[PDB]
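Alright, two takes on the same chain below, each alone as structure tokens: structure 1 and structure 2.
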Structure 1
């Protein structure tokens, strides 16, 4: 069946010369194409995108003169306020509280409404209060003279309950600078670059307009970019995020991979002591004095700077473009769908019985009846119960698609399709000579109301009973045809049924399932009788 392989099925189409429908089609196509191109270009859907692999290296710079009422002036440098960047973050100490000479011993705990005692009964041995850095020994002792407080085993003397200094000791930390070196890679695209390129000015400091590509940031500038007071956030500390966004196109014609610097405060501006506002931690400087292990505890407050590097690098990928085009292809059939919907809707008689009289504007849309008739063809399932009846008086045909069960087809009305016995209205029918189960089918008249019969019509005699015509029809199909007398009569009788059905019902779709009236049936049978036997009747083709 190689010939079956080498076959191409092309749809049958109707081409309409309509201003409106062609204009609609082209408008739809232009709009769809424009949106598809716009989406492709704007979202770069032709590109395979890869997240950035980043490495950050910071260099902080600046010294601070610190005033401490002990008054003494001291200079702090990088070794004293910062530690090298770890995990894309660096910390600059802005403030501190110091507690010198701590030994692991037993000491009276610093007085507070909790630790104040009036007798030994107010303390419990081994009690770990969450707001304490020690474990009670059960007895309370003098802190300073009159005042009695719970004794604890801990690093002693205990820290004073004091607030962070105001102003911050390292308030000059706003004039410090940080140089950020950012290296990025797209391993899939095998593209690595960096934020500092040859020819970049190193004598600059970042400004979002003047110097938007300078990687040297003054911390005060950052805070101002974000809308915060460095002098205030310095007192208790904070977290600031330096976002480096990489929107990179790796196509060599449209190549562009530069960073965009932005800033965002990352700590909640909470004043709730319960939530530990700011950013601080306790750091121990261990040492030895007089063979005793001692500790200087610094409560460090500062600002942690987080370098948040994110972005994508895109490069043209054939497969992504293919996928996007394939997804968008089906949107070009919507013009056809919409116009076919219009043709189907405006083909309904409802749109002229009611709609047009009200809205006369839509009257010219009646042409869609022509488009529908030239577009759609309707066919019914050729079931064995399917039947068609035509009445000469009536101006149409009836599709009786229901079982005739003890009910004459004359009285069994069905759906409306366009082009002596009690049930007889022409006076030329005979009772059905067939099984009473199916007699009702053959109990049909040429008409619904009394009057003349259609077997009297002069056309019937010449379009159904004319022997010359029927024999010529037989010869047309079979030029050299010879038959017995009975065979000739049978061939003629079947041709007569065929010709009547074609005459009254037209198309062969309805003439195959047509039903002849009893009058015409028996007239034809009389004209072309059979030698012996009984006539079978109607037989459904399928």
Structure 2
């Protein structure tokens, strides 16, 4: 069935170009706003570029010294900064040291959960998360008359003490951090650093004056987020330095520079905050007197997490070509909307109810014309599909229901606008010669109500029964037909059926399923007799 002809064939939809100005306004508005929006998305979001995330690597150095008044001591970088290499770094701003701790037995600190009245109160080997040593069955005196359960631990047990305010290293707001950041785009093959040639180191980052100096003062970091460093220093906190690398690697429009933002990554430290701060414990272990002692320090400080994010984009053909396709179909949505306004405003319900009431959508009656000139109604050509027309009526009843042993005259069907026997009402219908219930189909009168027949009209005589016009139509199809055979009379009879069907039913597909009235059918059979045998019924082409 296939051929080079079937291969080389193009399908294009039949369209009807409506000249409606209103529809033109709507269509152009939709297309313009979709184009204006999608063109923006392309320019603003750089959807024409292939984009790659940064591969960052941060190195931080804190400079500054603090005079701690605990005797006065001096704290350098090696004293307050802890070995956090990478994105985050820590700056201790407060501490509580319990020095000289040695592994031995000692009375517990008088916490409310450690007081005893006798040795019966304290258990042996008992441990709980708030306990700083394994309890012993004895309850020793701590000091004076205070009796606390004795434990084996690093002694003296560190006191339950509030964080010392003001912060011992509240000078930490004067410390500066240099942040060296290298980004790499491997797919785009572009490496760069936030430190540029000719960079003064005496600078300090300022949001406007010096936005590209990577030496940030900690106090300025805190005052750029509306935080109080003095309050945060006492108990600690978490702060965050965002570095945003928005880079386009096009040589025409090239810019790949960092943008520094600051954001507290912790709950605000208020007077009634719930479990605030950032503290941990670490110990310095030293051997003296041939015994190992430790200095236990509870460190409260600010942890600065450095969050380097960004993207580097370079122009790519493939990305633009896909985005194009996506934006190209959006324009089509305009048609769907208007096609709906055509289908909805074509319904008879619009004219029945809404038009007489609103009276504002009255000139929207042309949608019936548009729908008539756009959509065509076609019914499944099932065998049960039939059509019946009566003279007294102006509409054709589609008989879609298979006859339940009832005369087709009585059978009711769906109305369609046009493009003697008991059932007979004209007086000229003859009884059906068809057997079984097949006769039901042929039991059809020319009109529903009693009155004059249709075959009595001279139009039926000189149009359907006229041998001249039928013979002329036969010659038209076959210019050399043999007219002396009884098959000529049979073809004459077939044409009379098809002309009554087309004369009465305007459409050809509607006349394909025509069933003629008994009066007209038998008048035709008399005018064009077959004596070979029984006449055949209506037979559906499908």
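Numbering follows the first chain given and starts at 1. We call the rigid core the largest set of C-alpha positions that still match within 1.5 Å between the two forms.
J.: Which one of 454, 441, 464, 107 is the only residue whose C-alpha moves by 2 Å or more between structure 1 and structure 2, after superposing on the core?
T.: One residue passes the 2 Å cut-off, namely 107.
J.: Using a superposition on the rigid core, decide whether the Cα position of residue 63 changes by 2 angstroms or more between structure 1 and structure 2.
T.: The answer is yes, as the C-alpha of residue 63 shifts between structure 1 and structure 2 by 2 Å or more after core alignment.
J.: With both forms fitted on the core, give yes or no for whether the Cα of residue 368 moves by 2 angstroms or more between structure 1 and structure 2.
T.: Shift at residue 368: below 2 Å after core fit.
J.: Once the core is superposed between structure 1 and structure 2, does residue 301 show a C-alpha displacement of at least 2 Å?
T.: Yes, residue 301 moves 2 Å or more.
J.: Could you state, for a rigid core superposition, the Cα shift of residue 165 between structure 1 and structure 2 in Å?
T.: Residue 165 is displaced by 4.3 Å at its C-alpha.
J.: With the core fitted, just quote the Cα shift at residue 328 between structure 1 and structure 2, in angstrom to one decimal.
T.: Looking at the C-alpha of residue 328 between structure 1 and structure 2, the offset is 2.7 Å.
J.: By how many angstrom does residue 403 shift at its CA between structure 1 and structure 2 when the core is held fixed?
T.: Its C-alpha shift, to one decimal, is 0.4 Å.
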